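One structure is given below, encoded as structure tokens.
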Amino acid sequence: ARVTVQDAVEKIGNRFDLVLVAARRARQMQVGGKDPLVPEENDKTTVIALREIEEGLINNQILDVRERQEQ
Amino acid sequence: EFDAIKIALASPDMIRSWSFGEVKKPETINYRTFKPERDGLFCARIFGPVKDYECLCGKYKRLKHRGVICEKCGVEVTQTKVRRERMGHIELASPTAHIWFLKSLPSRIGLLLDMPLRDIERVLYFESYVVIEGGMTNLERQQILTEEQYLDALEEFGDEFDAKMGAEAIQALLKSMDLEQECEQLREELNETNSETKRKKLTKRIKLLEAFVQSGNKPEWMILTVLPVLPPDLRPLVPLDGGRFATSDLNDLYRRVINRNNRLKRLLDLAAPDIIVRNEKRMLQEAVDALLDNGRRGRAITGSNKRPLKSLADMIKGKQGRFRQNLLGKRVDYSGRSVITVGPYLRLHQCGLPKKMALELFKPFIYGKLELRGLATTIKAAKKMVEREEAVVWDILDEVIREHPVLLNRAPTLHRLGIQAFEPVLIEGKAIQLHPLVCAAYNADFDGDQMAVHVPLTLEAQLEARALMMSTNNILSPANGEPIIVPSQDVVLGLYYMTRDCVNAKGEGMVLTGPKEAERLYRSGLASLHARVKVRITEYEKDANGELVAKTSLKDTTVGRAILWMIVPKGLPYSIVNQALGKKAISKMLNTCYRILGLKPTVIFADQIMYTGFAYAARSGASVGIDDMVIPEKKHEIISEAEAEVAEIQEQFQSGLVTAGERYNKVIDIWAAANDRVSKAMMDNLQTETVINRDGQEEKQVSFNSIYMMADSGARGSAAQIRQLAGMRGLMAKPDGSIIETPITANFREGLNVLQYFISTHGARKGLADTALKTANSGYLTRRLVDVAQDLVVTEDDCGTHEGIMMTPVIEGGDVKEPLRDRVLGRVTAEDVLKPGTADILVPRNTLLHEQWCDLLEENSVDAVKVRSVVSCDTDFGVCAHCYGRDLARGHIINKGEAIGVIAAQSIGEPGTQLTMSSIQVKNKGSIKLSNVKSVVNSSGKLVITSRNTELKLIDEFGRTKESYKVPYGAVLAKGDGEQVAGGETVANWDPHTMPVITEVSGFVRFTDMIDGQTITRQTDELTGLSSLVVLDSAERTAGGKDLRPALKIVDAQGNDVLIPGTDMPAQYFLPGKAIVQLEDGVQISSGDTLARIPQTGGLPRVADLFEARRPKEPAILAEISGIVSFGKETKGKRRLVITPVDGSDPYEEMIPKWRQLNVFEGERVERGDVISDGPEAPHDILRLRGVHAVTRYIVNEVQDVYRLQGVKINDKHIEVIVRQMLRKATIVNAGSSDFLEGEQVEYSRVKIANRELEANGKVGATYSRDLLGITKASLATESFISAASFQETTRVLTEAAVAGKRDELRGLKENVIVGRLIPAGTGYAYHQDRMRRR
Amino acid sequence: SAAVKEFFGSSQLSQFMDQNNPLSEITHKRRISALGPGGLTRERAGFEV
Amino acid sequence: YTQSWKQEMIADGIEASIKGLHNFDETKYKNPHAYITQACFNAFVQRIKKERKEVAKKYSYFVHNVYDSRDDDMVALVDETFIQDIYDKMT
Amino acid sequence: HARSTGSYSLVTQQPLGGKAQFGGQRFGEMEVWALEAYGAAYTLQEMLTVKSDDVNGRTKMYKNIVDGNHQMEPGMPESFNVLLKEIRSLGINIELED
DNA sequence: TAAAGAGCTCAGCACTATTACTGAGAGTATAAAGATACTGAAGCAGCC
DNA sequence: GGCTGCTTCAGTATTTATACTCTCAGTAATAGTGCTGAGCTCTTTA
Ligand SMILES: [Mg+2]
Ligand SMILES: [Zn+2]
Ligand SMILES: [Zn+2]
């Protein structure tokens, strides 16, 4: 049921950063072995990313520091 | 990858440095082997391998033998890809003068030698000679000779004196010309001259010389001696790319060109008679000419079939050169096109899509999925499987679509919504359904339109589309915060037919307790729909802290009102619905819903609305037939009486009792009368014929004619449409624009007779042709518009300033047009606002102004508000957010980085598709006031003002101006200033039928120097009798005394010139041609009659010329500086005058076409910018004499009013930003502590930051003045030439940048497209931030 | 004969018979224009004519 | 036919007359007018034959390429390029 | 009429036009703007290079998509280079600084 | 009787010399053979 | 001696009919060309 990024922008009041972070997350999960953090019901990878965004737990800060603890 | 692009010239050295060889043989192909020739225009020997990795040696097969050249072939061994791009060159036999640098208009070479063009010309084609260092004779380095002159002189001067003809001498001169000494010479001469024309020519020349001698450019290079030749694979022998075949005619020129070259040598090789060697030189020059840019000579070399062929320049320009053909517009893969249909079952966020196109558009995806699934094994297997639709495929495709977006567009892309995103549903059909709302944005009928569709590939792309171009994201027209999802026409008819009331229907007026019951009693057929009824309901509101508290009540309404009401979402009060609900009602309902609720409620709402409307319209049975057209019974009455009268007035004229023009006018007016009367007759008769008992007699409410039902619905059709249907459709135009005497007496119910129909025919053809031309011109208009901004991007937030402009409602003098509520709504204010009561600040300092704030204001008779504006921003490269405000489509402060220019331009350019081509009787009640006042009392003891600047203003009882009016010199006021006023009266009035030339004290007048014959005349007044010694025009009076013109010394009984009250100088003015004081000599007049008496487009092209900074025709001269007025030298061709300040030197001494009518007499001291004459406003002068906000507000008001005349709506910020661009270069006026010159110009913001650096030091930088350039001007003078080259006129700008030797830092959009990188527009803005941050 | 054949097989006053209706077949003969040799140009079109 | 050709034609003829002036008896052929006349005449016909068969060669190369992309070819035109490319070849 | 991918013009490798040819739709400057109005950057880029002319680029794409990897290699247009050499034709030496 | 010499000449890839053969050149001497519309910008042209 | 009006031009929106004569020229195709091997030829005496 992902049609509007309304609250996706309520977190990131940018409506642009959205594309960036969602793209990083999608590139992660589609080809890279990054598993959804959110229960998936046959929704495409980018829809998964937007889900993970719209729940206040994935952003620049959190995903970047995940990549940092990764390094 | 790589940074800025640079342009420069090329010494023939560098040409050699390029080419991989040199071509001499004029032919190409063996016609048996079809292979290239040995040393020809296609030969491998330079260009390279026709296959890859092997040539006619057959010697080198694998990577072991690649690379190393052959000896049999001689050619290197490699792939044929490099053949596409390797360049060649010819060695010239005789030098050649380049054409571009010759016909720059003006020639950047003739001026380089200061030469008249035609002389260098005749030098070229050798029609004359030219003197190079004439030496010990009277002949000069720039002198030329008629041939015979050369012959004769050369006889007596067959010495070291030198005279030749041709590019020979030109390469000589250029090579033999140093610059620095020349530069200094120009410095001196310039500094010395008092003639301005010389000054301008000299400053241009010294500029170009500093240009050359600035960088490493050498002028002679404009003479060609080494011709670079194009890589072979770009001008192929035949394209053969399907279809008809082209000829790639370049080679031909090349061929013939090369031909002549060898001939030249060959004939030189024979020691030919030099006359004919001259001829062959000429042939060569014309040849290279025609190669570079055909047509610039006399006879453009037609190709064949009577067609001109194509040079290297034709590939470049027009709507077919690389730029406008393939660099910008480009056909793209993964796309499709088809016809369209509706499919109303769809919800908002989705589009129908046929199976087939769906299948092709995703072939790669399907392959990938199959081979991931193992159902196929190789790509060929997959191809075969997809071929014959192995029935698995579909579900595969199903998975692929699951949320994969698609992008739809129409052909003529007007604005930001002409292209959107969707998520398709698959159809076993061939056409495209469509959510029937969006069809408005697409301006699309369903009569055979053809839509196009493309597909994003990268996940990033799907995301872009998803968040930013989905129908669920585009609901507020970017032109104006209007919801752009207007339920268009048939949903409208439905709803209207639903919310309504019949006088007495089934079970009307009973009582109910729930709209559920309403539905039931409707469907059960136990209750009618449009019937009054008492019903219990409830409703909600989150008026409290987010909590939508609900609460009940009982209303009396109609059923369908409730039926609908079950749908209206939560936070709405009922009274929004109790009305009868035409169209704009549902519009504003949508808007407030969006404003209070958010987004998802709104979309769900709109969808449900469409559903319900379609359904109930369906149930309605809203047909139409021969009985829907009522008829005025009294039509024949009005018509018969009208014609009876007109017969009378015509036989009256034909008897010779009136004039034909006014008789025609009377006929016009009487037909207009009968027209409007029959209009009233019909429209009224129709609109009310409800006569039905109510258990009593009857009542009469809004009737139910399907026609009338539409009209009152406003769903479709104009009231005038009806007018034509029933009433006679009056009179039509004329090919001129005149009107036929007799009107169209008939309706459409009855049939037209031949002639009326014929006339209508003509008018319709007119309108259609105008439709064609209008679309045409709107095209080029929006082109220029989009092109002029093309780069303005929100770069920051808050430029750190508290200025702007004080906006106010507009008053056309009478009624006001925009309530102050609008200009403010969503435009961040710099200063706060006060109440009319002093010290009563209302809004905070620099806050963003949304709607509740508009309320808080509006209730308090708010007057006028200063606010941030783009013209005033304090930032380079863009504009701070608060200077812009709200996104006009997203009800919040606009985010950081949008391209505001392009949205503005589209908005503005769109509506052109449809656009066209005394007394003061106040009506209101309040207080009168005035401004720019200087009045007079009469023996009447009333106010009569004495200026052409006086400003009546009617203030209401609230505190907000309702009226104001400019009222001319000499207008008697019945009241004063500070009284009451009512409606139906005039407070003041004057006589525009004369020229008030009054003086304002009682005394004595004279015929001073008013001696008949020389400057005045005697008038034995044939109308009254008074011997008014009347003044004629002195310049048409005698030729000696036309200087000693009639002064009117205002004197008293003492005869002394009465020094003007308070002043020490009396009114000694003039009575010019036909300025008459009928009052005789020595008369003691009292104030109340003028001394001297003198009885006295707008369509789209208006906007067009406006933005082009076009010419006012007869501009009105303003005041450069204050002071008084004097008259000196006269008819040096024209009138003259001088003006003097109160403290400074009289700087203004200007002549005037004597026709002009002055505005202020001599003695008066006026203020700068007072309109000293009559006429329009000279925009450049408006700027430099009025500052900025003046001309801005001006332009804003003009365009807004031309639009207002057509109901369309555009927020002003667009016009703001357009102007904001319009001025970008300022002319320095004092070099100051900076470096640049004085009489030149520089980018405003650049020199501004220059000061910001300078003025950080006490050394004060350059003073300046901002300038005004029309869009077509500023389109060229940009930091970029590539974007310029994208615009019109490639040639001059291109050769210009080349001569200059510029370098483009790629700061902009129309250039970041060409290189193809992420334009700093959206995401790309972020990445560009980043990429700059790196280095 | 060369010129004649040219004229017929090639002249902008010659086109395929519009042939899909006894109507259009007759509309495509009782038709008159002012284009081609001796007439104005499709984008030379003056308003008046 | 063609201005552009005509230019090169005359170029040819002029050079031809230039070189051929070298040898012109007077005792016989008491006129140089016709001498140069026929000289240029032949030069012209030479040039024109060269150019004709050049563009002929172009036609020939063309007609040997019908395998461009997919189905739906044309029959009308091709026969005419062919028939010219034959006529010229007749000579 | 659809077009997954087919031929290309040769002087410039833009996908051919018209319907007889398996031609791709006309994508215009107006659309270019209508796209720039949004921050629709990657859309426009991959639109006008990766699906039109970037030959190396479009091949890499075609591979990655037909093997499950949505990712773009920017590259740099081709017909642009055509213009570059086309102006290199006349003596106006053009260059592409560091 | 039959495995096993040593040679008699026929498929199967070049090579040089060839032979139409197409191109380059050089001779040629009767003639006179056309229905935008607009805006703008320097150059030219007459003036106190 | 510097000084204003006309002005001229320049920038926008398939498919071309008649040498002649050697005379040479050097070329590219093309048959002459000779091998390799090998396969059959042939006899041998063990
Ligand atoms: Mg339509
Ligand atoms: Zn070779
Ligand atoms: Zn600002």
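Please note that chains go A, B, ... in the order of the structure tokens, that every chain numbers its residues from 1, and that ligands are numbered from 1 in the order shown.
With only C-alpha atoms (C1' of nucleotides) and all ligand atoms counted, the chains near ligand 2 contribute these residues within 7 Å: residues 55, 56, 57, 58, 59, 70, 71, 72, 73 and 74 of chain B.
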Could you please take those selected residues and save C-alpha atoms as a short mmCIF file (atom, residue, chain, number, x, y, z; two decimals), in the first residue's frame?
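Ended up saving to part_8.cif:
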data_model
loop_
_atom_site.label_atom_id
_atom_site.label_comp_id
_atom_site.auth_asym_id
_atom_site.auth_seq_id
_atom_site.Cartn_x
_atom_site.Cartn_y
_atom_site.Cartn_z
CA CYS B 55 42.79 -4.56 -44.78
CA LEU B 56 43.51 -5.38 -48.42
CA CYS B 57 46.76 -7.07 -47.40
CA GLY B 58 44.73 -9.77 -45.72
CA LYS B 59 47.91 -10.05 -43.72
CA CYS B 70 50.69 -2.83 -43.57
CA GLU B 71 52.97 -2.05 -46.47
CA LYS B 72 50.69 -3.30 -49.24
CA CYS B 73 47.73 -1.51 -47.70
CA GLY B 74 50.00 0.90 -45.89
#
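On the backbone of this structure, DSSP gives helix (DSSP H, G or I) within chain C to residues 2, 3, 4, 5, 6, 7, 8, 9, 24, 25, 26 and 27 of chain C.
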Those residues with N, CA and C atoms, as a compact mmCIF listing (two decimals), in the first residue's frame please?
# COMPACT_ATOMS: atom_id res chain seq x y z
N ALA C 2 9.63 12.78 -73.22
CA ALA C 2 10.28 12.85 -71.93
C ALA C 2 9.58 13.88 -71.04
N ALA C 3 9.38 15.08 -71.56
CA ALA C 3 8.77 16.14 -70.77
C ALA C 3 7.34 15.79 -70.38
N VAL C 4 6.59 15.21 -71.32
CA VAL C 4 5.21 14.84 -71.04
C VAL C 4 5.16 13.83 -69.90
N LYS C 5 5.92 12.75 -70.05
CA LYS C 5 5.95 11.73 -69.01
C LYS C 5 6.36 12.33 -67.69
N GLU C 6 7.33 13.24 -67.71
CA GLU C 6 7.72 13.91 -66.49
C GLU C 6 6.52 14.59 -65.87
N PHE C 7 5.90 15.50 -66.62
CA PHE C 7 4.76 16.26 -66.14
C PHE C 7 3.76 15.35 -65.44
N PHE C 8 3.32 14.31 -66.13
CA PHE C 8 2.30 13.46 -65.55
C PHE C 8 2.84 12.70 -64.35
N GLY C 9 3.84 11.86 -64.58
CA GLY C 9 4.41 11.11 -63.49
C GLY C 9 5.07 11.96 -62.44
N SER C 24 -15.20 10.59 -52.26
CA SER C 24 -13.87 11.16 -52.31
C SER C 24 -13.29 11.08 -53.71
N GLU C 25 -13.62 10.02 -54.43
CA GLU C 25 -13.22 9.95 -55.83
C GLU C 25 -13.75 11.13 -56.62
N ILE C 26 -14.91 11.66 -56.25
CA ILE C 26 -15.42 12.82 -56.96
C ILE C 26 -15.03 14.12 -56.29
N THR C 27 -14.74 14.11 -55.00
CA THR C 27 -14.23 15.33 -54.42
C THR C 27 -12.84 15.64 -54.92
Compile a residue-level contact table for chain E against chain B at a cut-off of 7 Å, reporting for every qualifying residue the shortest atom pair and its distance in Å to one decimal, with only C-alpha atoms counted, rows ordered by chain and ascending number, as a Markdown table.
| residue | atom | partner | partner_atom | distance |
| --- | --- | --- | --- | --- |
| E:1 | CA | B:336 | CA | 5.6 |
| E:2 | CA | B:336 | CA | 4.3 |
| E:3 | CA | B:334 | CA | 5.4 |
| E:4 | CA | B:334 | CA | 4.6 |
| E:5 | CA | B:333 | CA | 5.5 |
| E:9 | CA | B:241 | CA | 6.3 |
| E:11 | CA | B:234 | CA | 5.1 |
| E:14 | CA | B:331 | CA | 6.7 |
| E:15 | CA | B:331 | CA | 6.0 |
| E:17 | CA | B:331 | CA | 6.7 |
| E:24 | CA | B:332 | CA | 5.1 |
| E:25 | CA | B:331 | CA | 5.3 |
| E:26 | CA | B:331 | CA | 4.6 |
| E:27 | CA | B:330 | CA | 5.5 |
| E:28 | CA | B:329 | CA | 4.4 |
| E:29 | CA | B:329 | CA | 5.5 |
| E:30 | CA | B:413 | CA | 5.4 |
| E:31 | CA | B:413 | CA | 6.0 |
| E:33 | CA | B:902 | CA | 6.7 |
| E:34 | CA | B:416 | CA | 4.6 |
| E:36 | CA | B:1321 | CA | 6.7 |
| E:37 | CA | B:903 | CA | 5.7 |
| E:38 | CA | B:468 | CA | 6.8 |
| E:39 | CA | B:1322 | CA | 3.4 |
| E:40 | CA | B:464 | CA | 5.9 |
| E:41 | CA | B:1324 | CA | 5.9 |
| E:42 | CA | B:461 | CA | 5.8 |
| E:43 | CA | B:461 | CA | 5.3 |
| E:45 | CA | B:1316 | CA | 6.3 |
| E:49 | CA | B:1316 | CA | 7.0 |
| E:51 | CA | B:333 | CA | 5.6 |
| E:52 | CA | B:332 | CA | 5.2 |
| E:65 | CA | B:364 | CA | 6.3 |
| E:66 | CA | B:368 | CA | 4.5 |
| E:67 | CA | B:368 | CA | 5.2 |
| E:68 | CA | B:368 | CA | 6.0 |
| E:70 | CA | B:458 | CA | 4.9 |
| E:71 | CA | B:458 | CA | 5.7 |
| E:72 | CA | B:458 | CA | 6.8 |
| E:76 | CA | B:1316 | CA | 6.2 |
| E:77 | CA | B:1315 | CA | 6.7 |
| E:79 | CA | B:327 | CA | 7.0 |
| E:80 | CA | B:327 | CA | 6.7 |
| E:83 | CA | B:322 | CA | 6.9 |
| E:89 | CA | B:228 | CA | 5.6 |
| E:90 | CA | B:228 | CA | 6.8 |
| E:91 | CA | B:10 | CA | 5.8 |
| E:92 | CA | B:9 | CA | 4.9 |
| E:93 | CA | B:9 | CA | 4.9 |
| E:94 | CA | B:7 | CA | 4.7 |
| E:95 | CA | B:6 | CA | 5.4 |
| E:96 | CA | B:5 | CA | 4.5 |
| E:97 | CA | B:5 | CA | 5.5 |
| E:98 | CA | B:2 | CA | 5.6 |
Residues of the last selection are to be written out with N, CA and C atoms, as a compact mmCIF listing (two decimals), in the first residue's frame.
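Produced file part_31.txt, reproduced below:
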# COMPACT_ATOMS: atom_id res chain seq x y z
N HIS E 1 2.25 1.06 -31.60
CA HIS E 1 3.62 0.76 -32.01
C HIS E 1 4.58 0.87 -30.84
N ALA E 2 5.42 -0.14 -30.64
CA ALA E 2 6.36 -0.14 -29.54
C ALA E 2 7.77 -0.20 -30.09
N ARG E 3 8.75 -0.08 -29.20
CA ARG E 3 10.14 -0.31 -29.59
C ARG E 3 10.94 -0.63 -28.35
N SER E 4 11.19 -1.91 -28.11
CA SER E 4 12.15 -2.28 -27.07
C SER E 4 13.52 -1.71 -27.41
N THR E 5 14.07 -2.15 -28.54
CA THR E 5 15.30 -1.63 -29.12
C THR E 5 15.44 -2.20 -30.52
N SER E 9 20.22 5.24 -36.41
CA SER E 9 20.85 6.00 -37.48
C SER E 9 22.37 5.92 -37.33
N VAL E 11 24.99 8.18 -39.00
CA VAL E 11 25.70 9.44 -38.80
C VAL E 11 25.64 9.84 -37.34
N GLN E 14 21.30 7.79 -33.05
CA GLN E 14 20.03 7.90 -32.36
C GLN E 14 19.04 6.92 -32.95
N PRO E 15 18.24 6.29 -32.11
CA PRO E 15 17.30 5.28 -32.60
C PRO E 15 16.41 5.87 -33.67
N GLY E 17 13.50 6.73 -36.55
CA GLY E 17 12.19 7.30 -36.34
C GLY E 17 11.15 6.70 -37.25
N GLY E 24 11.50 4.79 -32.38
CA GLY E 24 11.18 5.26 -31.05
C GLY E 24 10.54 6.63 -31.08
N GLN E 25 9.77 6.90 -30.03
CA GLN E 25 8.94 8.09 -29.99
C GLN E 25 9.80 9.35 -30.04
N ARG E 26 9.15 10.47 -30.29
CA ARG E 26 9.80 11.78 -30.35
C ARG E 26 9.78 12.37 -28.96
N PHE E 27 10.95 12.66 -28.42
CA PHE E 27 11.09 13.17 -27.07
C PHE E 27 11.67 14.57 -27.19
N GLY E 28 10.89 15.57 -26.79
CA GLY E 28 11.17 16.93 -27.20
C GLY E 28 11.64 17.86 -26.09
N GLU E 29 12.18 19.00 -26.55
CA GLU E 29 12.65 20.06 -25.66
C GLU E 29 11.57 20.48 -24.67
N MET E 30 10.32 20.53 -25.12
CA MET E 30 9.24 20.85 -24.20
C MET E 30 9.22 19.84 -23.08
N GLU E 31 9.27 18.56 -23.43
CA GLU E 31 9.37 17.52 -22.43
C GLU E 31 10.61 17.70 -21.59
N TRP E 33 11.96 20.37 -20.63
CA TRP E 33 11.61 21.32 -19.59
C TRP E 33 10.66 20.70 -18.59
N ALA E 34 9.53 20.19 -19.07
CA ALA E 34 8.55 19.58 -18.20
C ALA E 34 9.18 18.60 -17.25
N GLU E 36 12.62 19.03 -16.24
CA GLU E 36 13.44 19.83 -15.35
C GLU E 36 12.62 20.54 -14.30
N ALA E 37 11.35 20.82 -14.59
CA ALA E 37 10.48 21.41 -13.59
C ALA E 37 10.48 20.57 -12.33
N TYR E 38 10.39 19.26 -12.50
CA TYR E 38 10.66 18.39 -11.38
C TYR E 38 12.17 18.21 -11.25
N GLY E 39 12.59 17.75 -10.08
CA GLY E 39 13.99 17.43 -9.92
C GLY E 39 14.31 16.10 -10.56
N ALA E 40 13.68 15.84 -11.70
CA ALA E 40 13.68 14.54 -12.34
C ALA E 40 14.99 14.34 -13.09
N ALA E 41 16.08 14.27 -12.32
CA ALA E 41 17.38 14.30 -12.97
C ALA E 41 17.72 12.96 -13.62
N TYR E 42 17.84 11.90 -12.82
CA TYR E 42 18.24 10.62 -13.38
C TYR E 42 17.33 10.22 -14.52
N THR E 43 16.03 10.48 -14.37
CA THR E 43 15.10 10.25 -15.46
C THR E 43 15.63 10.85 -16.73
N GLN E 45 18.52 12.14 -17.56
CA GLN E 45 19.82 11.68 -18.01
C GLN E 45 19.71 10.34 -18.70
N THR E 49 20.67 9.80 -22.71
CA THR E 49 21.93 9.15 -23.09
C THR E 49 21.84 7.64 -23.10
N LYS E 51 19.45 5.53 -23.10
CA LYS E 51 18.48 4.91 -23.97
C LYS E 51 18.53 5.45 -25.39
N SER E 52 19.44 6.37 -25.67
CA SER E 52 19.48 6.99 -26.99
C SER E 52 20.79 6.77 -27.72
N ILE E 65 20.50 -5.18 -17.22
CA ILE E 65 19.08 -5.40 -17.03
C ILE E 65 18.71 -6.83 -17.38
N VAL E 66 19.17 -7.34 -18.52
CA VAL E 66 18.83 -8.72 -18.85
C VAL E 66 19.53 -9.71 -17.96
N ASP E 67 20.31 -9.25 -16.98
CA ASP E 67 20.90 -10.14 -16.00
C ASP E 67 20.67 -9.65 -14.58
N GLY E 68 19.61 -8.89 -14.35
CA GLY E 68 19.23 -8.53 -13.00
C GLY E 68 20.18 -7.59 -12.29
N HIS E 70 19.78 -3.31 -12.06
CA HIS E 70 19.40 -1.97 -12.49
C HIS E 70 20.48 -1.01 -12.03
N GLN E 71 21.38 -0.63 -12.92
CA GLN E 71 22.38 0.35 -12.56
C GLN E 71 22.92 0.99 -13.83
N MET E 72 23.22 2.28 -13.75
CA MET E 72 23.57 3.07 -14.91
C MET E 72 25.02 3.52 -14.88
N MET E 76 29.06 9.54 -21.98
CA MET E 76 29.03 10.88 -22.54
C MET E 76 28.51 10.80 -23.96
N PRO E 77 27.61 11.69 -24.37
CA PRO E 77 26.91 11.50 -25.64
C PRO E 77 27.84 11.36 -26.83
N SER E 79 26.51 11.87 -30.51
CA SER E 79 26.19 12.92 -31.46
C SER E 79 26.76 14.26 -31.03
N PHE E 80 26.94 14.46 -29.72
CA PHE E 80 27.68 15.62 -29.28
C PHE E 80 29.07 15.64 -29.89
N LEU E 83 28.97 16.89 -33.24
CA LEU E 83 29.03 18.35 -33.33
C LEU E 83 30.44 18.84 -33.06
N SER E 89 35.64 21.03 -38.00
CA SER E 89 35.75 21.17 -39.44
C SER E 89 36.25 22.55 -39.80
N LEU E 90 35.45 23.57 -39.54
CA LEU E 90 35.96 24.92 -39.68
C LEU E 90 37.09 25.13 -38.69
N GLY E 91 37.90 26.14 -38.96
CA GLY E 91 39.09 26.30 -38.16
C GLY E 91 38.86 26.64 -36.71
N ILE E 92 37.62 26.68 -36.26
CA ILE E 92 37.38 27.14 -34.91
C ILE E 92 37.81 26.03 -33.99
N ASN E 93 39.07 26.05 -33.58
CA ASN E 93 39.55 24.98 -32.74
C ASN E 93 38.78 24.95 -31.44
N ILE E 94 38.14 23.85 -31.17
CA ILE E 94 37.42 23.67 -29.92
C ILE E 94 38.16 22.64 -29.09
N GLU E 95 38.01 22.75 -27.78
CA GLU E 95 38.78 21.93 -26.86
C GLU E 95 37.97 21.72 -25.60
N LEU E 96 38.45 20.81 -24.77
CA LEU E 96 37.72 20.38 -23.57
C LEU E 96 38.72 20.41 -22.42
N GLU E 97 38.88 21.59 -21.82
CA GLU E 97 39.93 21.82 -20.85
C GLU E 97 39.81 20.80 -19.71
N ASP E 98 40.95 20.55 -19.06
CA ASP E 98 41.14 19.50 -18.06
C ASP E 98 39.88 19.02 -17.37
At a cut-off of 10 Å, using only C-alpha atoms (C1' of nucleotides), what residues contact residue 943 (chain B)? Leave out same-chain residues fewer than 4 positions from it and give the result as a PDB file with C-alpha atoms, in the first residue's frame.
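Result saved to part32.pdb:
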ATOM      1  CA  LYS B 934      -2.865  72.455  -5.764  1.00  0.00           C
ATOM      2  CA  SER B 935      -6.343  73.970  -5.932  1.00  0.00           C
ATOM      3  CA  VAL B 936      -8.222  77.262  -6.239  1.00  0.00           C
ATOM      4  CA  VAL B 937     -11.358  78.967  -4.896  1.00  0.00           C
ATOM      5  CA  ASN B 938     -13.844  80.724  -7.141  1.00  0.00           C
ATOM      6  CA  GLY B 970      -9.208  72.490 -13.837  1.00  0.00           C
ATOM      7  CA  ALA B 971     -11.945  70.310 -12.338  1.00  0.00           C
ATOM      8  CA  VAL B 972     -14.537  71.913 -10.070  1.00  0.00           C
ATOM      9  CA  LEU B 973     -15.262  70.000  -6.882  1.00  0.00           C
ATOM     10  CA  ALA B 974     -18.742  70.373  -5.460  1.00  0.00           C
ATOM     11  CA  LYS B 975     -17.417  69.086  -2.129  1.00  0.00           C
ATOM     12  CA  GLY B 976     -13.974  69.570  -0.649  1.00  0.00           C
ATOM     13  CA  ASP B 977     -11.492  67.198   0.936  1.00  0.00           C
ATOM     14  CA  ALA B 988     -16.136  66.931  -9.084  1.00  0.00           C
TER      15      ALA B 988
END
task: All residues within 6 Å of ligand 1 are required, counting only C-alpha atoms (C1' of nucleotides) and all ligand atoms; please report them as JSON, numbers by chain.
output: {"B": [444, 445, 447, 449]}
Contacts with ligand 3 at most 10 Å, only C-alpha atoms (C1' of nucleotides) and all ligand atoms counted, listed as an NGL selection string: :B and (794-804 or 830 or 868-876 or 878-884)
Chain F contacts on chain B, only C-alpha atoms (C1' of nucleotides), 9 Å, as a CSV table (one decimal) with N, CA, C and O atoms, in the first residue's frame:
chain,number,residue,atom,x,y,z
B,105,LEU,N,28.7,41.0,-39.7
B,105,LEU,CA,27.6,42.0,-39.6
B,105,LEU,C,27.5,42.6,-38.2
B,105,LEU,O,26.6,42.2,-37.5
B,106,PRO,N,28.5,43.4,-37.8
B,106,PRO,CA,29.6,43.9,-38.7
B,106,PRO,C,30.8,43.1,-38.7
B,106,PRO,O,31.1,42.3,-37.8
B,1132,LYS,N,15.9,74.2,-34.5
B,1132,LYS,CA,17.1,73.7,-35.1
B,1132,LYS,C,16.6,72.4,-35.8
B,1132,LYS,O,17.2,71.3,-35.7
